[PDB]
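*Asks:* One structure coming up, written as structure tokens, with questions to follow.
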Amino acid sequence: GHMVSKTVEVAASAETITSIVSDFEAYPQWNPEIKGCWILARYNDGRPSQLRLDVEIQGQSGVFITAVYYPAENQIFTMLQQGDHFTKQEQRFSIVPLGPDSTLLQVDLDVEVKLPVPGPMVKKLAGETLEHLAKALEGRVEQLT
Amino acid sequence: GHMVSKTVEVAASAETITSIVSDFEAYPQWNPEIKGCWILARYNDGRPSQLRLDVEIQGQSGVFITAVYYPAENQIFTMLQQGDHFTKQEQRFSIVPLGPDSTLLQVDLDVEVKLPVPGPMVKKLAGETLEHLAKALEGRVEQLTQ
């Protein structure tokens with residue numbers, strides 16, 4: 001079980017969506033499956049380079065220690081360093097402008113689990129995570145608009 | 001949250017104690033309340049520079065992210081960067097050889113808790129943690145010695 005992807009159109013500008021995806025410590029305010037987030041380290045330009053995320057994995061609480069990379073202007077790439085449940089979690093956000101106030105958010109999620117869970121079930125659970133993330137982001141956009 | 005200290009004489013060489021204390025990922029094997037420990041980053045010489053420590057108490061999990069320093073050749077100094085319940089946790093291990101086969105372990109622990117727990121109560125709990133580690137290290141030494 002491995003890479004799943006989700007594209008969703010959001011009713012906000014590309015810079016607003018990039019700001020939401022980049023405001024990691026505000027994740028618990030609008031994402032139900034992230035209960036806490038702490039910036040552990042920052043690059044020399046101040047951008048967060050390492051995070052702690054308190055997450056809910058199928059209802060279990062879990063802790064992720066994650067590295068953050070910035071491939072391009074409207075792109076964010078996170079890489080799990082050590083976490084509960086998963087041996088690998090690589091997530092790429094790509095923010096593609098549509099119109100002045102509309103944006104395509106494209107999310108790739110790349111996971112490997114510690115327990116020998118069957119392939120289709122891993123991709124189903126990762127797809128559900130992206131489905132919920134998109135709905136949570138929609139709510140955050142409406143709250144700020 | 002004033003600093004608490006513990007000195008214990010251990011019946012093992014300095015190289016044995018240094019190896020036990022430095023083997024961070026083996027901590028769960030001899031500490032019952034530590035469920036996991038992972039090296040997150042290393043210095044350029046390979047020595048770990050950052051750790052994740054998972055503790056469990058009454059089935060309740062806690063996670064600590066700590067930086068590791070080597071201030072002197074016989075010293076290991078850890079500084080909590082972010083953890084549950086604590087705003088500060090600075091712990092220093094100093095390993096000094098005594099006789100041909102025993103060594104002195106010096107541990108200082110300086111903690112701050114998030115809740116407004118009174119100072120004297122924090123230091124009492126920190127002192128209990130050090131006894132607790134000292135007894136656990138004693139067991140690990142006996143388990144690892146001939």
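So you can find residues: chains in the structure tokens are A, B, ... in the order shown, residues in each start at 1, and ligands are numbered from 1 in order.
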Do you have, as JSON lines, the list of residues of chain B lying at most 8 Å from chain A, each with its nearest atom pair and that distance in Å to one decimal, counting only C-alpha atoms and ordered by chain then number?
*Replies:*
```
{"residue": "B:38", "atom": "CA", "partner": "A:82", "partner_atom": "CA", "distance": 7.5}
{"residue": "B:40", "atom": "CA", "partner": "A:81", "partner_atom": "CA", "distance": 7.0}
{"residue": "B:63", "atom": "CA", "partner": "A:63", "partner_atom": "CA", "distance": 7.7}
{"residue": "B:81", "atom": "CA", "partner": "A:40", "partner_atom": "CA", "distance": 7.1}
{"residue": "B:82", "atom": "CA", "partner": "A:40", "partner_atom": "CA", "distance": 7.1}
```
*Asks:* Restrict the selected residues to N, CA and C atoms and save them as a PDB file, in the first residue's frame.
*Replies:*
```pdb
ATOM      1  N   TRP B  38      14.406   6.954  20.227  1.00  0.00           N
ATOM      2  CA  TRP B  38      14.877   6.973  18.852  1.00  0.00           C
ATOM      3  C   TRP B  38      15.831   8.135  18.648  1.00  0.00           C
ATOM      4  N   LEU B  40      17.087  10.927  16.528  1.00  0.00           N
ATOM      5  CA  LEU B  40      16.507  11.743  15.467  1.00  0.00           C
ATOM      6  C   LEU B  40      17.557  12.400  14.581  1.00  0.00           C
ATOM      7  N   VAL B  63       5.748  12.089  25.454  1.00  0.00           N
ATOM      8  CA  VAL B  63       6.773  12.149  24.418  1.00  0.00           C
ATOM      9  C   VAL B  63       7.679  13.338  24.688  1.00  0.00           C
ATOM     10  N   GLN B  81      13.806  19.947  24.365  1.00  0.00           N
ATOM     11  CA  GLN B  81      13.385  20.985  23.434  1.00  0.00           C
ATOM     12  C   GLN B  81      11.879  21.192  23.487  1.00  0.00           C
ATOM     13  N   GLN B  82      11.117  20.102  23.544  1.00  0.00           N
ATOM     14  CA  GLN B  82       9.671  20.171  23.706  1.00  0.00           C
ATOM     15  C   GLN B  82       9.217  18.826  24.248  1.00  0.00           C
TER      16      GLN B  82
END
```
*Asks:* Enumerate as a PyMOL selection string all residues of chain A assigned to alpha helix (DSSP H) by DSSP on the backbone, naming them with the chain letters and numbers the document uses.
*Replies:* chain A and resi 14-22+27-30+119-144
*Asks:* Please return, as a list in words, all residues of range 71-108 of chain B that DSSP assigns to strand (DSSP E) on the basis of the backbone.
*Replies:*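 Taking range 71-108 of chain B and keeping strand (DSSP E) only, one gets residues 75, 76, 77, 78, 79, 80, 81, 82, 83, 86, 87, 88, 89, 90, 91, 92, 93, 94, 95, 96, 97, 103, 104, 105, 106, 107 and 108 of chain B.
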*Asks:* Determine, counting only C-alpha atoms, which protein, DNA and RNA residues have an atom within 7 Å of an atom of residue 36 in chain B; residues of the same chain fewer than 2 positions away are not included. Present the result as an mmCIF file with C-alpha atoms, in the first residue's frame.
*Replies:*
```
data_model
loop_
_atom_site.group_PDB
_atom_site.id
_atom_site.type_symbol
_atom_site.label_atom_id
_atom_site.label_comp_id
_atom_site.auth_asym_id
_atom_site.auth_seq_id
_atom_site.Cartn_x
_atom_site.Cartn_y
_atom_site.Cartn_z
ATOM 1 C CA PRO B 28 13.575 0.849 27.025
ATOM 2 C CA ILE B 34 10.393 4.091 28.851
ATOM 3 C CA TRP B 38 14.877 6.973 18.852
ATOM 4 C CA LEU B 53 11.783 9.559 24.249
ATOM 5 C CA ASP B 54 8.403 7.881 24.787
#
```
*Asks:* Which residues are close to residue 104 in chain A, i.e. within 12 Å by only C-alpha atoms, leaving aside same-chain residues fewer than 4 positions away? Reply as a compact mmCIF listing (two decimals) with N, CA and C atoms, in the first residue's frame.
*Replies:*
```txt
# COMPACT_ATOMS: atom_id res chain seq x y z
N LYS A 6 -4.92 13.50 -3.78
CA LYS A 6 -6.21 14.17 -3.79
C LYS A 6 -6.03 15.60 -4.28
N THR A 7 -6.89 16.01 -5.21
CA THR A 7 -6.97 17.38 -5.67
C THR A 7 -8.33 17.94 -5.29
N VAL A 8 -8.34 19.14 -4.72
CA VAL A 8 -9.57 19.82 -4.33
C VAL A 8 -9.44 21.29 -4.69
N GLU A 9 -10.51 21.86 -5.24
CA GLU A 9 -10.56 23.30 -5.49
C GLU A 9 -11.09 24.00 -4.25
N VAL A 10 -10.38 25.04 -3.81
CA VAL A 10 -10.72 25.78 -2.61
C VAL A 10 -10.97 27.24 -3.00
N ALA A 11 -11.97 27.85 -2.37
CA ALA A 11 -12.41 29.20 -2.73
C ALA A 11 -11.59 30.27 -2.00
N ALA A 12 -10.30 30.28 -2.29
CA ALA A 12 -9.39 31.28 -1.73
C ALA A 12 -8.18 31.39 -2.64
N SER A 13 -7.48 32.52 -2.53
CA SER A 13 -6.32 32.75 -3.37
C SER A 13 -5.20 31.77 -3.02
N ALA A 14 -4.26 31.63 -3.95
CA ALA A 14 -3.16 30.69 -3.76
C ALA A 14 -2.29 31.08 -2.57
N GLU A 15 -2.10 32.38 -2.34
CA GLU A 15 -1.28 32.80 -1.21
C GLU A 15 -2.00 32.58 0.11
N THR A 16 -3.33 32.71 0.13
CA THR A 16 -4.08 32.39 1.35
C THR A 16 -4.00 30.91 1.67
N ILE A 17 -4.15 30.05 0.65
CA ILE A 17 -4.08 28.61 0.86
C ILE A 17 -2.68 28.20 1.29
N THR A 18 -1.65 28.77 0.65
CA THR A 18 -0.28 28.50 1.06
C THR A 18 -0.04 28.93 2.50
N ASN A 74 4.96 27.78 -4.08
CA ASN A 74 3.67 27.25 -3.66
C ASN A 74 3.72 25.75 -3.42
N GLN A 75 4.77 25.25 -2.76
CA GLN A 75 4.89 23.83 -2.47
C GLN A 75 5.47 23.62 -1.08
N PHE A 93 2.34 19.14 -0.64
CA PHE A 93 1.27 20.07 -0.96
C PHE A 93 1.71 20.90 -2.15
N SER A 94 0.87 20.95 -3.18
CA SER A 94 1.11 21.80 -4.34
C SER A 94 -0.09 22.71 -4.49
N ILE A 95 0.17 24.01 -4.46
CA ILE A 95 -0.86 25.03 -4.48
C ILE A 95 -0.81 25.65 -5.87
N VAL A 96 -1.84 25.40 -6.67
CA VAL A 96 -1.86 25.83 -8.06
C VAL A 96 -2.95 26.90 -8.19
N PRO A 97 -2.60 28.12 -8.58
CA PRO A 97 -3.63 29.15 -8.73
C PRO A 97 -4.58 28.82 -9.87
N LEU A 98 -5.87 29.02 -9.61
CA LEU A 98 -6.87 28.92 -10.67
C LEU A 98 -7.22 30.34 -11.09
N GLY A 99 -8.19 30.94 -10.41
CA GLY A 99 -8.52 32.32 -10.63
C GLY A 99 -7.91 33.18 -9.54
N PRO A 100 -8.34 34.44 -9.44
CA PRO A 100 -7.80 35.31 -8.39
C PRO A 100 -8.14 34.84 -6.99
N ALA A 134 -9.05 17.55 3.13
CA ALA A 134 -9.67 18.48 2.19
C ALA A 134 -10.93 19.11 2.78
N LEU A 137 -9.91 21.63 5.34
CA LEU A 137 -9.39 22.84 4.73
C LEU A 137 -10.52 23.71 4.18
N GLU A 138 -11.52 23.09 3.55
CA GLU A 138 -12.70 23.83 3.10
C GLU A 138 -13.33 24.62 4.25
```
